[PDB]
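Each chain, written out:
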Amino acid sequence: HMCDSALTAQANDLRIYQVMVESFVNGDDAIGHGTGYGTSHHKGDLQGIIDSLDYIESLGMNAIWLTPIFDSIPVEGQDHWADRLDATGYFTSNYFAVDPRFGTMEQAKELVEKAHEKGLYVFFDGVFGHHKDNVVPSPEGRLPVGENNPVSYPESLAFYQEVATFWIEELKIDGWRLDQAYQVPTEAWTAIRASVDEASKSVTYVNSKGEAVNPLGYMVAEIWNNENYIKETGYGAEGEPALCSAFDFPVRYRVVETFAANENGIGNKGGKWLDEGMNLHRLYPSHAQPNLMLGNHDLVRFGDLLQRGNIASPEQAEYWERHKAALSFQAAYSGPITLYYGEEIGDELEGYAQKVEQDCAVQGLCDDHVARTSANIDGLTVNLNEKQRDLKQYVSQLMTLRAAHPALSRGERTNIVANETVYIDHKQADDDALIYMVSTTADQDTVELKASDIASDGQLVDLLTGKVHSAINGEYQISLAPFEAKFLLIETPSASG
Ligand SMILES: OC[C@H]1O[C@H](O[C@H]2[C@H](O)[C@@H](O)[C@@H](O)O[C@@H]2CO)[C@H](O)[C@@H](O)[C@@H]1O
Ligand SMILES: [Ca+2]
Ligand SMILES: [Ca+2]
């Protein structure tokens, strides 16, 4: 059945902060895995997330996504690789209990309640295609069926329906990020989504505004592939929706290939490349709600990508301008967006940039986990420097701007310019029309823009600085610094646009 349309409006407003639990904040030094895949302290826990909720909210985020927190039970005599895998949460044993290296059921309850108190949605990480060999039966006596990886469908469906509704009914979480979602067939996703919607509509909590609300029931698939595969294995056909939201890996790659370079070194692209990527949204069915991230726990940090391509390093101003340009693109992107912890301060692993292959896992340096670095949370685990504070304040400005302007989060996109040096989108929702423009070049340039090309009948006003841009003979002349972004309100839109 259809993507439930109330969630659709809510989902376009999501600004999600992703935390990798084991590598985030060691809030209780008495517990923690103490080993894992990555260079972090490996003692991140639920208390550390609870300690970070004020920080996450002040960033302007309105939701948090935790990597799996369920109980990965060690088996006597298992090797250190298995010890490290237990720290990731992605090969779990008891889907219905909290891993004690992260915390207790009571602390997981406390976390969700306090997040809701502060106006944040909470999403958990559901791995419904695989698990550890010692999986334990559900409270209702169910087990997944088949191999440990991947499990068999539809034999395993009843079990994972029970998992997916349990955490909603017990903790009132607002939905699920779905790991490696193509391991679960589309018919199963339709039924799991029905279970999620039914469980969500069966409970309420009091949000920060004082209203009793159902948990969102949001579900976002991780399908690390191009649009044709995200459609085939995630969204389903037009008229027969499987899932309603999936991560926008294709545009993530276009963004890092424009403002940095990707892990394989493709980079130095321009606005034309970004536009071509956004245009491929036309391949998706009408119900698809792509979710743009710049990175995650499986991708190299943006700042390390900048160093890997010999593009920039934190000692150079351009390192920060490129972060701002990439984050500004996310802020202008309609639909849910996800920020990976540390991008807001330009994090990067000291001493690391080039790809490390031999012996990378025992070092914490493989591409697929090197971003799992100890979190730098201002006032909690770090005192930020001037450039770090400047980027974090910029991100707070973007998230605030996004919250106030429907054109950014749910506006219709019309590309105005997409060449090698600039990218200009017109965004409009109801009576909110603006221009998003971002430089894609290390050269200062002045952009000549016809008011008649953007349905502007008057001035343009910068929504962050308030600078007014007036037309002469119907044309604006806008100076763009290298990789500068501008959010320009169309103060008087034309009768027709
Ligand atoms: O030692 C093998 C392998 O383990 C890790 O890969 C994990 C990953 O960390 C988990 O998050 C999840 O995706 O499962 C993977 C195993 O299937 C290391 O990240 C990886 O480098 C290493 O080769
Ligand atoms: Ca700890
Ligand atoms: Ca580095």
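About the criteria used
Residues numbered from 1 in each chain as written, not as in the entry; some residues may be left out. Chains lettered and ligands numbered in written order. Heavy atoms only, no water. Residues with missing side-chain atoms left out of burial classes, pairs and counts. Helix = DSSP H or I, 4+ residues; strand = E, 2+ residues; numbered from the N terminus. Buried < 20%, exposed > 50% of the residue type's maximum accessible area, 1.4 Å probe, protein only. Polar contact = N/O pair within 3.5 Å; in protein donor to acceptor, adjacent residues only side chain to side chain. Contact = heavy atoms within 4.5 Å. Near = heavy atom within 4 Å. Areas by Shrake-Rupley, 256 points an atom, 1.4 Å probe, with all protein chains shown as cover. Donors = N, O, S within 2.8 Å, 3.2 Å for Na, K, Ca; no water. Salt bridge = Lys/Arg side-chain N within 4 Å of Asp/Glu carboxyl O. Pairing = 2+ DSSP bridges. Axes fitted to C-alpha atoms, helices over the stretch in contact; angles between N-to-C directions. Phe/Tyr/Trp six-rings, centres within 6.5 Å; stacked < 30°, edge-to-face > 60°. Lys NZ or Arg CZ within 6 Å of the ring centre and 35° of its normal.

- As stated in the entry header, the method of structure determination is X-ray crystallography and the reported resolution is 1.9500 Å.

- As recorded in the PDB entry, the chain goes by AmyP and comes from marine metagenome.
- Here the entry title, as the record gives it, is "Crystal structure of AmyP in complex with maltose".

**Looking at the side chain of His 287**
- Within the fold, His 287 resides in the loop between α10 (271-279) and β13 (289-293).
- By relative accessible area, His 287 is classed as buried at 13%.
- Here the side chain of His 287 touches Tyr 235 through a polar contact of 2.8 Å, landing on its backbone oxygen.
- Among residues more than four places away in sequence, those in contact with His 287 are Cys 3, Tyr 235, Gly 236, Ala 237, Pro 241, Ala 242, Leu 243 and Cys 244.

**Examining the site of ligand 1**
- Neighbouring residues of ligand 1: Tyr 37, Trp 81, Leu 85, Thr 88, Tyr 90, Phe 91, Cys 366, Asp 368, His 369 and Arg 372.
- One of the side-chain nitrogen or oxygen atoms of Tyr 37 is found 2.8 Å away from an oxygen atom of ligand 1.
- Separating an oxygen atom of ligand 1 from a side-chain N or O atom of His 369 is a distance of 2.7 Å.
- Alone, ligand 1 offers 480 Å² of accessible surface; in the complex the protein occludes 65% of this.

**Let's talk about the coordination of the calcium ion (ligand 3)**
- Here the calcium ion (ligand 3) is held by the protein donor atoms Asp 304 (OD), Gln 307 (OE1), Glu 348 (OE), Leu 349 (O) and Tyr 352 (O), which lie 2.3 Å from it.
- Going along the chain, you hit the donors of the calcium ion (ligand 3) in the pattern D-x2-Q-x40-E-L-x2-Y. Taken together, the residues span a long stretch of sequence, with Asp 304 in helix α11 (residues 302-308) and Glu 348 in the loop between β14 (337-340) and α13 (360-363) at a distance of 44 residues.
- Since its relative accessible area comes to 1%, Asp 304 is described here as buried.

**Overview of the coordination of the calcium ion (ligand 2)**
- Ligation of the calcium ion (ligand 2) by protein atoms is provided by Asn 26 (OD1), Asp 28 (O), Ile 31 (O), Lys 43 (O) and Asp 45 (OD), these donors lying 2.3 to 2.5 Å from the ion.
- Spacing between the donor residues of the calcium ion (ligand 2) along the chain follows N-x1-D-x2-I-x11-K-x1-D.
- Relative accessible area serves as the criterion here: at 26%, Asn 26 is assigned to the partly exposed category.
- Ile 31 gets classed as partly exposed once you look at its relative accessible area, which sits at 22%.

**Comments concerning the pattern of salt bridges**
- Inspection of every chain in the model, using the stated rule, returns 24 salt bridges.
- Put simply, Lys 132 and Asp 86 hold a salt bridge, and the shortest N to O gap is 2.9 Å. Placement of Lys 132 in the loop between β5 (121-126) and α6 (157-171) and of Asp 86 in helix α4 (residues 80-88) is noted, with a sequence separation of 46 residues between them. Comparing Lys 132 with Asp 86 shows no difference in burial state: the two are buried.
- The partner of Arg 142 in a salt bridge is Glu 162, and the shortest N-O contact between them spans 3.0 Å. Linking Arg 142 in the loop between β5 and α6 with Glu 162 in helix α6, this pair joins segments that are 20 residues apart in sequence.
- Of the residues examined, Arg 142 reaches a relative accessible area of 32% and is grouped as partly exposed.
- You can call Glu 162 buried: its relative accessible area is 7%.

**Regarding the sheet that holds strand β17 (residues 432-439)**
- Pairing within the open sheet is antiparallel, and its six strands lie in the order β15-β16-β17-β22-β19-β20. Two strands lie at the open edges of the sheet, namely β15 (412-418) and β20 (468-469), each paired on one side alone.
- Pairing between strand β19 (residues 460-462) and β20: two bridges, direction antiparallel. Bridging across to β20, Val 461 finds its partner in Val 468.
- Across the sheet, α10 is in contact with β15 and β16 (422-429); its angle to β15 comes to roughly 155 degrees.
- Strands in contact with helix α12 (residues 317-331) are β16, β17 and β22 (485-490); relative to β17, the strand with the most contacts, it is inclined by about 155 degrees.

**Things to note about the packing of aromatic side chains**
- Tallied over the entire structure, the rule returns 31 aromatic pairs.
- Measuring from centroid to centroid gives 5.2 Å for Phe 123 and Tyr 218, while their planes differ by 50 degrees, and the two rings are tilted. Remark: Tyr 218 occurs in strand β9 (residues 218-221) and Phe 123 occurs in strand β5; sequence separation between them is 95 residues.
- Here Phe 159 and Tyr 160 contribute two aromatic rings whose centre-to-centre distance is 4.9 Å and whose plane-to-plane angle is 90 degrees, an arrangement assigned as edge-to-face.
- By relative accessible area, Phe 159 is classed as buried at 1%.
- Overall, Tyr 160 belongs to the buried group, its relative accessible area being 0%.
- Among the aromatic residues, ring-to-ring pairing joins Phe 70, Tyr 95, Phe 96, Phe 124, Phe 128, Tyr 153, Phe 159, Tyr 160, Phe 166, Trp 167, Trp 176 and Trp 189 into one connected group.
- Positioned above the aromatic ring of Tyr 253, the side-chain terminus of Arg 252 is 4.8 Å from the ring centre.
- The cationic tip of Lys 324 hangs over the ring face of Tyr 394; the distance from NZ or CZ to the ring centre is 5.3 Å.

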